[PDB]
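Visitor: Compact mmCIF, C-alpha atoms and all ligand atoms, saved as data05.txt, coming up:
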```
# COMPACT_ATOMS: atom_id res chain seq x y z
CA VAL A 1 -11.40 6.42 17.12
CA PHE A 2 -12.91 3.45 15.27
CA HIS A 3 -16.51 2.26 15.30
CA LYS A 4 -16.76 -1.00 17.26
CA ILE A 5 -18.24 -3.98 15.39
CA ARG A 6 -19.59 -6.96 17.33
CA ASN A 7 -18.09 -10.39 16.65
CA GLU A 8 -21.71 -11.57 16.34
CA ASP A 9 -22.10 -9.44 13.21
CA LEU A 10 -19.09 -10.92 11.36
CA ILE A 11 -18.78 -14.23 9.51
CA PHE A 12 -15.30 -15.35 8.48
CA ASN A 13 -14.96 -16.97 5.09
CA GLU A 14 -11.93 -17.90 2.99
CA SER A 15 -8.36 -17.05 3.86
CA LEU A 16 -6.80 -14.57 1.47
CA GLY A 17 -3.29 -15.03 2.77
CA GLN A 18 -1.19 -13.37 5.41
CA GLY A 19 0.63 -10.10 5.89
CA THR A 20 3.15 -8.94 8.48
CA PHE A 21 1.90 -10.53 11.72
CA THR A 22 -1.62 -10.64 10.23
CA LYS A 23 -4.02 -13.14 8.67
CA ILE A 24 -6.38 -11.98 5.91
CA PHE A 25 -9.92 -13.29 5.34
CA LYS A 26 -12.84 -12.47 3.13
CA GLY A 27 -15.93 -12.09 5.30
CA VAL A 28 -19.49 -10.76 5.65
CA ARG A 29 -20.83 -8.08 8.01
CA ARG A 30 -24.48 -7.92 9.03
CA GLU A 31 -25.53 -4.31 9.47
CA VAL A 32 -28.40 -1.83 9.41
CA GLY A 33 -27.72 0.53 6.49
CA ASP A 34 -29.36 3.70 5.24
CA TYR A 35 -33.15 3.99 5.65
CA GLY A 36 -32.91 1.19 8.19
CA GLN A 37 -32.42 -1.44 5.48
CA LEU A 38 -30.64 -4.61 6.59
CA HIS A 39 -27.47 -5.56 4.71
CA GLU A 40 -25.03 -8.45 4.60
CA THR A 41 -21.90 -6.72 3.28
CA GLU A 42 -18.76 -8.37 1.89
CA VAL A 43 -15.78 -7.24 3.99
CA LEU A 44 -12.02 -7.68 4.15
CA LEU A 45 -10.97 -8.82 7.64
CA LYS A 46 -7.40 -8.22 8.85
CA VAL A 47 -6.65 -10.26 11.98
CA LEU A 48 -3.58 -9.53 14.10
CA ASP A 49 -1.77 -12.79 14.96
CA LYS A 50 -2.67 -13.76 18.52
CA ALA A 51 1.02 -14.39 19.28
CA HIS A 52 1.94 -10.79 18.30
CA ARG A 53 -0.73 -8.98 20.34
CA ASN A 54 1.94 -6.52 21.48
CA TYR A 55 1.84 -4.98 17.96
CA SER A 56 -1.85 -4.06 18.20
CA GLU A 57 -1.28 -0.38 18.96
CA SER A 58 0.79 0.09 15.79
CA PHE A 59 -1.55 -2.20 13.81
CA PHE A 60 -4.53 0.09 14.55
CA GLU A 61 -2.82 3.51 14.82
CA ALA A 62 -1.90 3.32 11.14
CA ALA A 63 -5.40 2.54 9.87
CA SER A 64 -6.89 5.05 12.33
CA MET A 65 -4.95 8.15 11.30
CA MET A 66 -5.58 7.59 7.59
CA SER A 67 -9.29 6.85 8.15
CA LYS A 68 -9.64 10.29 9.74
CA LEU A 69 -8.94 11.68 6.23
CA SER A 70 -11.63 10.68 3.73
CA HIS A 71 -10.55 10.56 0.07
CA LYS A 72 -11.63 8.78 -3.09
CA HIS A 73 -8.21 7.06 -3.49
CA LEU A 74 -7.91 5.85 0.15
CA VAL A 75 -9.43 2.57 1.32
CA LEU A 76 -12.51 2.69 3.53
CA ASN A 77 -12.27 1.17 7.01
CA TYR A 78 -15.65 0.24 8.50
CA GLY A 79 -14.38 -0.27 12.04
CA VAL A 80 -12.69 -2.77 14.32
CA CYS A 81 -13.72 -5.93 16.15
CA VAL A 82 -11.98 -6.27 19.52
CA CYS A 83 -14.34 -8.85 21.00
CA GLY A 84 -12.60 -11.69 22.79
CA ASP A 85 -8.91 -12.30 22.13
CA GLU A 86 -9.25 -10.77 18.64
CA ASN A 87 -7.81 -7.63 17.05
CA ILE A 88 -9.66 -7.35 13.73
CA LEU A 89 -9.70 -4.53 11.18
CA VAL A 90 -12.94 -4.50 9.15
CA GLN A 91 -12.32 -3.07 5.68
CA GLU A 92 -14.14 -2.58 2.38
CA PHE A 93 -13.64 -5.59 0.12
CA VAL A 94 -12.17 -4.34 -3.16
CA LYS A 95 -13.41 -6.38 -6.11
CA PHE A 96 -10.11 -7.06 -7.93
CA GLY A 97 -7.64 -7.29 -5.04
CA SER A 98 -4.02 -6.17 -4.83
CA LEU A 99 -2.24 -4.51 -7.73
CA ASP A 100 0.90 -6.68 -7.63
CA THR A 101 -1.10 -9.90 -8.00
CA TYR A 102 -3.17 -8.23 -10.72
CA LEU A 103 -0.14 -7.03 -12.69
CA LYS A 104 1.34 -10.53 -12.75
CA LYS A 105 -1.84 -12.24 -13.99
CA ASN A 106 -2.47 -9.50 -16.59
CA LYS A 107 1.13 -8.74 -17.59
CA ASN A 108 0.56 -9.55 -21.27
CA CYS A 109 -2.35 -7.10 -21.61
CA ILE A 110 -1.44 -3.99 -19.58
CA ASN A 111 -0.14 -1.13 -21.73
CA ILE A 112 1.75 2.03 -20.90
CA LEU A 113 -1.41 4.16 -20.70
CA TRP A 114 -2.85 1.85 -18.03
CA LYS A 115 0.42 2.11 -16.07
CA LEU A 116 0.51 5.90 -16.42
CA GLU A 117 -3.11 6.30 -15.28
CA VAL A 118 -2.56 4.12 -12.21
CA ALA A 119 0.65 6.03 -11.47
CA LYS A 120 -1.24 9.35 -11.69
CA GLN A 121 -3.95 8.12 -9.32
CA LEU A 122 -1.39 6.85 -6.82
CA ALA A 123 0.44 10.19 -7.04
CA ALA A 124 -2.86 12.00 -6.43
CA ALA A 125 -3.39 9.95 -3.26
CA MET A 126 0.17 10.67 -2.05
CA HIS A 127 -0.18 14.37 -2.92
CA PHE A 128 -3.29 14.42 -0.69
CA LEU A 129 -1.34 12.78 2.12
CA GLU A 130 1.61 15.14 1.67
CA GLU A 131 -0.66 18.21 1.85
CA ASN A 132 -2.06 16.75 5.09
CA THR A 133 1.52 16.04 6.29
CA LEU A 134 0.52 12.40 6.92
CA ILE A 135 3.08 9.63 6.36
CA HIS A 136 1.91 6.30 4.96
CA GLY A 137 5.21 4.49 5.48
CA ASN A 138 4.50 1.31 3.50
CA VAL A 139 3.71 2.28 -0.10
CA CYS A 140 3.99 -0.79 -2.35
CA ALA A 141 1.97 -2.52 -5.06
CA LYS A 142 0.50 -5.04 -2.60
CA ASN A 143 -1.01 -2.05 -0.78
CA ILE A 144 -2.73 -0.74 -3.92
CA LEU A 145 -6.24 -2.08 -4.46
CA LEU A 146 -7.91 -2.27 -7.88
CA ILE A 147 -11.51 -1.08 -7.52
CA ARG A 148 -12.37 -1.20 -11.22
CA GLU A 149 -10.74 -2.56 -14.34
CA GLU A 150 -10.15 -0.47 -17.42
CA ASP A 151 -13.01 -0.68 -19.94
CA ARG A 152 -11.87 0.19 -23.46
CA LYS A 153 -15.49 -0.18 -24.62
CA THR A 154 -16.31 3.06 -22.75
CA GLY A 155 -12.82 4.52 -22.29
CA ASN A 156 -13.28 4.04 -18.52
CA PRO A 157 -9.76 3.99 -16.98
CA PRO A 158 -8.85 1.64 -14.13
CA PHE A 159 -9.43 2.94 -10.62
CA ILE A 160 -7.24 2.17 -7.61
CA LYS A 161 -7.03 2.91 -3.90
CA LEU A 162 -4.18 2.95 -1.41
CA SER A 163 -4.67 0.57 1.50
CA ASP A 164 -3.70 1.01 5.15
CA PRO A 165 0.03 0.89 5.97
CA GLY A 166 -0.08 -1.97 8.47
CA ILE A 167 2.43 -2.13 11.29
CA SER A 168 4.90 0.76 11.22
CA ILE A 169 8.48 0.08 10.15
CA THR A 170 9.44 2.06 13.28
CA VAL A 171 8.51 -0.94 15.48
CA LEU A 172 9.16 -3.92 13.20
CA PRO A 173 12.21 -6.18 13.65
CA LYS A 174 15.29 -5.19 11.67
CA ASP A 175 15.24 -8.45 9.69
CA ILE A 176 11.76 -7.75 8.32
CA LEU A 177 13.00 -4.25 7.41
CA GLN A 178 16.00 -5.66 5.53
CA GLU A 179 13.77 -8.03 3.55
CA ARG A 180 11.62 -5.03 2.55
CA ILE A 181 14.55 -3.44 0.75
CA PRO A 182 14.07 -1.64 -1.61
CA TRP A 183 10.64 -0.36 -0.50
CA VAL A 184 12.14 0.74 2.83
CA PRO A 185 14.46 3.72 2.11
CA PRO A 186 18.20 3.74 2.88
CA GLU A 187 17.84 6.25 5.72
CA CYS A 188 15.26 4.01 7.41
CA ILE A 189 17.52 0.98 7.15
CA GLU A 190 20.15 3.20 8.79
CA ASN A 191 17.62 4.38 11.41
CA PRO A 192 13.93 3.37 11.41
CA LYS A 193 13.15 6.61 13.31
CA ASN A 194 14.04 8.50 10.09
CA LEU A 195 10.50 7.71 8.93
CA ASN A 196 9.38 10.93 7.28
CA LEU A 197 7.35 12.23 4.34
CA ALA A 198 10.48 11.76 2.20
CA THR A 199 10.17 8.02 2.96
CA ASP A 200 6.96 7.84 0.93
CA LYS A 201 8.60 9.44 -2.12
CA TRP A 202 11.26 6.72 -2.22
CA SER A 203 8.75 3.87 -1.81
CA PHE A 204 6.55 5.49 -4.44
CA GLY A 205 9.49 5.11 -6.82
CA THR A 206 9.83 1.41 -5.97
CA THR A 207 6.08 0.99 -6.46
CA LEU A 208 6.27 2.59 -9.92
CA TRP A 209 8.96 0.05 -10.72
CA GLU A 210 6.59 -2.75 -9.68
CA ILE A 211 3.79 -1.28 -11.82
CA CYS A 212 6.11 -1.00 -14.83
CA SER A 213 7.51 -4.53 -14.29
CA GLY A 214 4.42 -6.75 -14.53
CA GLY A 215 4.54 -7.38 -10.79
CA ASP A 216 8.16 -8.51 -10.48
CA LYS A 217 9.72 -7.78 -7.09
CA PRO A 218 12.83 -5.59 -7.48
CA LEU A 219 15.95 -7.26 -6.05
CA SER A 220 14.07 -10.51 -5.27
CA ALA A 221 17.18 -12.46 -6.36
CA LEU A 222 19.19 -10.76 -3.56
CA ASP A 223 19.12 -12.11 -0.01
CA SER A 224 19.00 -9.74 2.96
CA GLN A 225 22.77 -9.30 3.26
CA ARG A 226 23.02 -8.43 -0.42
CA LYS A 227 20.05 -6.05 -0.23
CA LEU A 228 21.98 -4.12 2.43
CA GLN A 229 25.08 -4.07 0.23
CA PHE A 230 22.90 -2.75 -2.60
CA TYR A 231 22.27 0.31 -0.42
CA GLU A 232 25.89 0.45 0.80
CA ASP A 233 27.12 0.76 -2.78
CA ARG A 234 24.48 3.39 -3.75
CA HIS A 235 22.94 1.32 -6.51
CA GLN A 236 19.69 2.18 -8.30
CA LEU A 237 17.13 -0.18 -9.75
CA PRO A 238 17.53 -1.32 -13.39
CA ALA A 239 15.19 0.33 -15.86
CA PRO A 240 12.05 -1.78 -16.42
CA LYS A 241 11.63 -3.11 -19.96
CA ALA A 242 8.76 -0.67 -20.34
CA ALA A 243 11.21 2.08 -19.49
CA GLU A 244 9.01 5.17 -19.88
CA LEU A 245 8.91 5.89 -16.12
CA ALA A 246 12.52 4.94 -15.32
CA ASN A 247 13.83 8.48 -14.89
CA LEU A 248 10.91 9.30 -12.58
CA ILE A 249 11.57 6.12 -10.58
CA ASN A 250 15.22 7.04 -10.15
CA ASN A 251 14.42 10.69 -9.34
CA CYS A 252 12.12 9.47 -6.55
CA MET A 253 14.62 6.85 -5.31
CA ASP A 254 17.18 9.53 -4.49
CA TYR A 255 19.61 8.58 -1.73
CA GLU A 256 19.37 12.17 -0.45
CA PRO A 257 15.89 12.38 1.19
CA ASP A 258 15.75 16.19 0.89
CA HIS A 259 16.25 15.97 -2.88
CA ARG A 260 13.27 13.73 -3.57
CA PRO A 261 10.66 15.67 -5.57
CA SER A 262 7.35 16.81 -4.13
CA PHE A 263 4.31 14.88 -5.24
CA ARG A 264 3.08 18.03 -7.00
CA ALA A 265 6.24 17.99 -9.12
CA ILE A 266 5.80 14.22 -9.54
CA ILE A 267 2.25 14.76 -10.83
CA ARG A 268 3.44 17.45 -13.25
CA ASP A 269 6.08 15.05 -14.59
CA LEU A 270 3.53 12.26 -15.04
CA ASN A 271 1.26 14.66 -16.95
CA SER A 272 4.10 15.69 -19.29
CA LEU A 273 4.35 12.20 -20.82
CA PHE A 274 0.84 12.27 -22.40
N1 LIG B 301 -9.24 -4.07 0.98
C1 LIG B 301 -8.92 -5.33 0.33
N2 LIG B 301 -7.75 -5.99 0.70
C2 LIG B 301 -7.44 -7.20 0.08
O1 LIG B 301 -6.32 -7.93 0.40
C3 LIG B 301 -5.26 -7.26 0.94
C4 LIG B 301 -4.78 -7.68 2.20
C5 LIG B 301 -3.68 -7.05 2.77
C6 LIG B 301 -3.07 -6.02 2.05
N3 LIG B 301 -1.91 -5.32 2.55
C7 LIG B 301 -0.73 -6.10 2.79
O2 LIG B 301 -0.73 -7.30 2.60
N4 LIG B 301 0.45 -5.42 3.26
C8 LIG B 301 1.65 -6.17 3.50
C9 LIG B 301 2.83 -5.31 3.04
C10 LIG B 301 4.15 -6.03 3.22
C11 LIG B 301 5.31 -5.38 2.46
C12 LIG B 301 5.32 -4.01 2.24
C13 LIG B 301 6.38 -3.41 1.54
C14 LIG B 301 7.41 -4.19 1.05
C15 LIG B 301 7.41 -5.57 1.29
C16 LIG B 301 6.35 -6.17 1.98
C17 LIG B 301 1.77 -6.52 4.98
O3 LIG B 301 1.27 -5.77 5.87
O4 LIG B 301 2.40 -7.56 5.29
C18 LIG B 301 -3.53 -5.62 0.79
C19 LIG B 301 -4.63 -6.25 0.22
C20 LIG B 301 -8.26 -7.75 -0.90
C21 LIG B 301 -8.15 -8.92 -1.65
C22 LIG B 301 -9.26 -8.99 -2.50
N5 LIG B 301 -10.02 -7.84 -2.26
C23 LIG B 301 -9.42 -7.08 -1.28
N6 LIG B 301 -9.74 -5.87 -0.65
```
Please lay out the structure from this file as structure tokens.
Ligand SMILES: Nc1nc(Oc2ccc(NC(=O)N[C@@H](CCc3ccccc3)C(=O)O)cc2)c2cc[nH]c2n1
Guide:
Amino acid sequence: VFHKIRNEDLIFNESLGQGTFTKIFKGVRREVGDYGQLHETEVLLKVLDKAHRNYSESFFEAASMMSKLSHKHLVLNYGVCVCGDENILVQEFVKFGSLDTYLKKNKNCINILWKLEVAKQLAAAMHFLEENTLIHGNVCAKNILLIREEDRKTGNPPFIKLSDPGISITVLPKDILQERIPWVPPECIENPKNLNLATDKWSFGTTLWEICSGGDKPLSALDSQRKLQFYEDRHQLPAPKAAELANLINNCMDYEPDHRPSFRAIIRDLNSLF
């Protein structure tokens, strides 16, 4: 149950792009904060396309269930604006944006320790979700937000958060699902209702591949028909050039969902690289 924010208290600024049936804007929220102090707070605004209003339930159910669990590695949702014909998610604005964009622009200055630290943090967030038996369902580098850059001057590591999952793959059209191979697992291509905790272990593997690959998209050279055939022939992703996490990636991207390792075991493996 989300706090309702008045349209009057939001200003829309620049477009930040679009997601699946959504438009993204940087914005500002006027609000009374602690001690009654007035604030104008930078916010991330996620607007459901007016033409796809039928998706609003899934749009908001995702963000809602995760926002019931507070955690340092999970994005903060302030509330929702449902004034007028709008369906707007009002979210904390993370200073350095999405991880995939960040990896591409910083490819030639991100070392293995940075990748391992970000992987550990992501695994911590997924461990927390697994303990709470809560499925994310759309783990990917675009849904990882970089709160803070690494600072070698103080040894401060980077700090990331996992964003909301957006519209569930259980209600999206099959062609969007096919294009999201290989983040969407084989069993969910076979049947979207196979969405399960084991889904998030597979997509975590794909996300590690992104992190280790300077933001390349795995299988981007394959069209949708060939992505399906990739799964039909039981292929695995190539090892990234920085190959240190390749075995972990493949262990997570196991075609047998019951064989995919728990996030506790994943965390132990990450720690053993040191
Ligand atoms: N909290 C927040 N936020 C931001 O900006 C985002 C907007 C949207 C998203 N999240 C998505 O864009 N999610 C996609 C996923 C699509 C997908 C998933 C798996 C495989 C293929 C494709 C979607 O829903 O379409 C992430 C960051 C920014 C940008 C600067 N600062 C920010 N702070």
Visitor: Which is closer to ligand LIG 301 (chain B) than all the others in A:187, A:210, A:40, A:244, using only C-alpha atoms and all ligand atoms?
Guide: A:210
Visitor: Mind checking which residues fall within 12 Å of range 28-30 of chain A, counting all atoms listed in the file, ignoring those fewer than 5 positions away in the same chain, and posting them as JSON, numbers by chain?
Guide: {"A": [5, 6, 7, 8, 9, 10, 11, 12, 13, 14, 37, 38, 39, 40, 41, 42, 43, 44, 45, 78, 79, 80, 81, 90, 91, 92, 93]}
Visitor: Which centre and which edge lengths, in Å to one decimal, describe the axis-aligned box that holds all listed atoms of ligand LIG 301 (chain B) after 8 Å is added on each side, as lines of an AutoDock Vina configuration file?
Guide:
```
center_x = -1.3
center_y = -6.2
center_z = 1.7
size_x = 33.4
size_y = 21.6
size_z = 24.4
```
Visitor: May I ask which of the residues A:137, A:166, A:84, A:157 is the closest one to ligand LIG 301 (chain B), counting only C-alpha atoms and all ligand atoms?
Guide: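 Of the candidates, the smallest distance to ligand LIG 301 (chain B) is held by A:166.
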Visitor: How many Å separate CA of residue 224 in chain A from CA of residue 179 in chain A?
Guide: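 Interatomic distance, CA of residue 224 in chain A to CA of residue 179 in chain A: 5.5 Å.
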Visitor: Given the choices A:246, A:47, A:118, A:112, which gets closest to ligand LIG 301 (chain B) if the distance is worked out from all atoms listed in the file?
Guide: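 Comparing A:246, A:47, A:118, A:112 against ligand LIG 301 (chain B), the winner is A:47.
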Visitor: Could you list, as a list in words, all residues that come within 7 Å of ligand LIG 301 (chain B)? Count all atoms listed in the file.
Guide: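 Final answer, ordered by chain and number: residues 16, 18, 19, 20, 24, 44, 75, 91, 92, 93, 94, 95, 96, 97, 98, 138, 139, 140, 142, 143, 144, 145, 163, 165, 166, 167, 180 and 183 of chain A.
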Visitor: Would you mind telling me which residue in A:123, A:212, A:134, A:82 lies nearest to residue 53 in chain A when using all atoms listed in the file?
Guide: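 Closest residue, counting all atoms listed in the file: A:82.
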Visitor: Quote the spacing between CA of residue 231 in chain A and CA of residue 214 in chain A in Å to one decimal place.
Guide: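 Spanning CA of residue 231 in chain A to CA of residue 214 in chain A is a straight-line distance of 23.8 Å.
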Visitor: Would you mind telling me which residue in A:182, A:147, A:257, A:207 lies nearest to residue 235 in chain A when using all atoms listed in the file?
Guide: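 Once distances to residue 235 in chain A are computed over all atoms listed in the file, the minimum belongs to A:182.
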Visitor: Please list as a list in words every residue within 10 Å of residue 170 in chain A, counting all atoms listed in the file and excluding residues in the same chain fewer than 6 positions away.
Guide: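 So, after excluding close chain neighbours, the residues are residues 58, 137, 177, 188, 191, 192, 193, 194 and 195 of chain A.
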Visitor: Give me, as JSON, numbers by chain, all polymer residues having an atom no more than 10 Å from residue 135 in chain A, counting all atoms listed in the file and skipping those fewer than 6 positions away in the same chain.
Guide: {"A": [62, 65, 66, 126, 129, 165, 195, 196, 197, 198, 199, 200]}
Visitor: When you count all atoms listed in the file, which of these residues is closest to residue 26 in chain A: A:76, A:162, A:89, A:124?
Guide: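 Among the listed residues, the smallest separation from residue 26 in chain A belongs to A:89.
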Visitor: Would you pick out the contacts of residue 202 in chain A at 7 Å or less, using only C-alpha atoms, so that residues sharing its chain but fewer than 2 positions from it are not included, and give the list as a PDB file with C-alpha atoms, in the coordinates of the input?
Guide:
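What ended up in selection13.pdb:
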```
ATOM      1  CA  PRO A 185      14.460   3.720   2.110  1.00  0.00           C
ATOM      2  CA  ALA A 198      10.480  11.760   2.200  1.00  0.00           C
ATOM      3  CA  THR A 199      10.170   8.020   2.960  1.00  0.00           C
ATOM      4  CA  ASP A 200       6.960   7.840   0.930  1.00  0.00           C
ATOM      5  CA  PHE A 204       6.550   5.490  -4.440  1.00  0.00           C
ATOM      6  CA  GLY A 205       9.490   5.110  -6.820  1.00  0.00           C
ATOM      7  CA  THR A 206       9.830   1.410  -5.970  1.00  0.00           C
ATOM      8  CA  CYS A 252      12.120   9.470  -6.550  1.00  0.00           C
ATOM      9  CA  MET A 253      14.620   6.850  -5.310  1.00  0.00           C
ATOM     10  CA  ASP A 254      17.180   9.530  -4.490  1.00  0.00           C
TER      11      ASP A 254
END
```
Visitor: I need every residue sitting at most 12 Å from the point (-9.8, 6.9, 14.9) (coordinates as in the file, only C-alpha atoms considered), written as a list in words.
Guide: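 Checked against the point, the hits come out as residues 1, 2, 3, 4, 57, 60, 61, 62, 63, 64, 65, 66, 67, 68, 69, 70, 77, 78, 79 and 80 of chain A.
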Visitor: One decimal, in Å: what's the spacing between CA of residue 247 in chain A and CA of residue 234 in chain A?
Guide: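 Computed distance, CA of residue 247 in chain A to CA of residue 234 in chain A, equals 16.2 Å.
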Visitor: Residues within 12 Å of residue 268 in chain A, please, as an MDAnalysis selection string. Count all atoms listed in the file; anything in the same chain fewer than 4 positions from it doesn't count.
Guide: chainID A and resid 119:120 123:124 127 248 261:264 272:274
Visitor: How would the residues just picked look written out with C-alpha atoms as a short mmCIF file (atom, residue, chain, number, x, y, z; two decimals), in the coordinates of the input?
Guide:
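File produced: out39.cif:
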```cif
data_model
loop_
_atom_site.label_atom_id
_atom_site.label_comp_id
_atom_site.auth_asym_id
_atom_site.auth_seq_id
_atom_site.Cartn_x
_atom_site.Cartn_y
_atom_site.Cartn_z
CA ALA A 119 0.65 6.03 -11.47
CA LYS A 120 -1.24 9.35 -11.69
CA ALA A 123 0.44 10.19 -7.04
CA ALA A 124 -2.86 12.00 -6.43
CA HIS A 127 -0.18 14.37 -2.92
CA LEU A 248 10.91 9.30 -12.58
CA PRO A 261 10.66 15.67 -5.57
CA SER A 262 7.35 16.81 -4.13
CA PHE A 263 4.31 14.88 -5.24
CA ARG A 264 3.08 18.03 -7.00
CA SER A 272 4.10 15.69 -19.29
CA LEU A 273 4.35 12.20 -20.82
CA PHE A 274 0.84 12.27 -22.40
#
```
Visitor: Restricted to N, CA and C atoms, what does range 83-108 of chain A look like when written out as a CSV table (one decimal), in the first residue's frame?
Guide:
```csv
chain,number,residue,atom,x,y,z
A,83,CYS,N,-3.0,10.7,-9.7
A,83,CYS,CA,-3.9,11.8,-10.1
A,83,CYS,C,-4.2,11.7,-11.6
A,84,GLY,N,-5.4,12.1,-12.0
A,84,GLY,CA,-5.7,12.2,-13.5
A,84,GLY,C,-5.6,10.8,-14.2
A,85,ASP,N,-5.1,10.9,-15.4
A,85,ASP,CA,-5.0,9.7,-16.2
A,85,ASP,C,-3.6,9.1,-16.1
A,86,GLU,N,-2.9,9.4,-15.0
A,86,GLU,CA,-1.5,9.0,-14.8
A,86,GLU,C,-1.3,7.8,-13.9
A,87,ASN,N,-0.3,7.0,-14.2
A,87,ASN,CA,0.1,6.0,-13.2
A,87,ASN,C,1.6,6.1,-13.1
A,88,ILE,N,2.1,6.8,-12.0
A,88,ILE,CA,3.4,7.3,-11.8
A,88,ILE,C,4.0,6.6,-10.6
A,89,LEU,N,5.2,6.0,-10.7
A,89,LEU,CA,6.0,5.5,-9.6
A,89,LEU,C,7.0,6.6,-9.2
A,90,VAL,N,7.1,7.0,-8.0
A,90,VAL,CA,8.0,8.1,-7.5
A,90,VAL,C,9.1,7.4,-6.7
A,91,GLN,N,10.3,7.5,-7.2
A,91,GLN,CA,11.4,6.7,-6.7
A,91,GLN,C,12.6,7.6,-6.4
A,92,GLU,N,13.5,7.2,-5.5
A,92,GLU,CA,14.7,7.9,-5.2
A,92,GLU,C,15.5,8.0,-6.5
A,93,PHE,N,16.2,9.2,-6.7
A,93,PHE,CA,17.0,9.4,-7.8
A,93,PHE,C,18.4,9.0,-7.5
A,94,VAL,N,19.0,8.0,-8.1
A,94,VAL,CA,20.3,7.5,-7.7
A,94,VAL,C,21.3,8.3,-8.6
A,95,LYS,N,22.4,8.7,-7.9
A,95,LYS,CA,23.2,9.8,-8.5
A,95,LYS,C,23.9,9.3,-9.9
A,96,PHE,N,24.3,8.1,-9.9
A,96,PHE,CA,25.1,7.6,-11.1
A,96,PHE,C,24.3,6.7,-12.0
A,97,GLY,N,23.0,6.5,-11.9
A,97,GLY,CA,22.2,5.8,-12.9
A,97,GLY,C,22.5,4.3,-12.9
A,98,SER,N,22.0,3.7,-14.0
A,98,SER,CA,22.1,2.3,-14.2
A,98,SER,C,23.5,1.8,-14.4
A,99,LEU,N,23.7,0.5,-14.0
A,99,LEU,CA,25.0,-0.1,-14.0
A,99,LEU,C,25.4,-0.4,-15.5
A,100,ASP,N,24.5,-0.9,-16.3
A,100,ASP,CA,24.9,-1.2,-17.7
A,100,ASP,C,25.5,0.0,-18.4
A,101,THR,N,24.8,1.1,-18.4
A,101,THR,CA,25.3,2.4,-18.9
A,101,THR,C,26.6,2.7,-18.3
A,102,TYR,N,26.8,2.6,-17.0
A,102,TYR,CA,28.0,3.0,-16.3
A,102,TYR,C,29.2,2.1,-16.7
A,103,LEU,N,28.9,0.8,-16.9
A,103,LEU,CA,30.0,-0.1,-17.3
A,103,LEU,C,30.5,0.2,-18.6
A,104,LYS,N,29.6,0.6,-19.6
A,104,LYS,CA,30.1,0.9,-20.9
A,104,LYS,C,30.9,2.1,-21.0
A,105,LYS,N,30.5,3.2,-20.2
A,105,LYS,CA,31.3,4.5,-20.3
A,105,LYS,C,32.5,4.4,-19.4
A,106,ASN,N,32.7,3.4,-18.6
A,106,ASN,CA,33.8,3.3,-17.7
A,106,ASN,C,34.6,2.0,-17.9
A,107,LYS,N,34.3,1.3,-19.1
A,107,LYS,CA,34.9,0.0,-19.3
A,107,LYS,C,36.4,0.0,-19.1
A,108,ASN,N,37.1,1.0,-19.6
A,108,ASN,CA,38.6,1.0,-19.6
A,108,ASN,C,39.1,1.5,-18.3
```
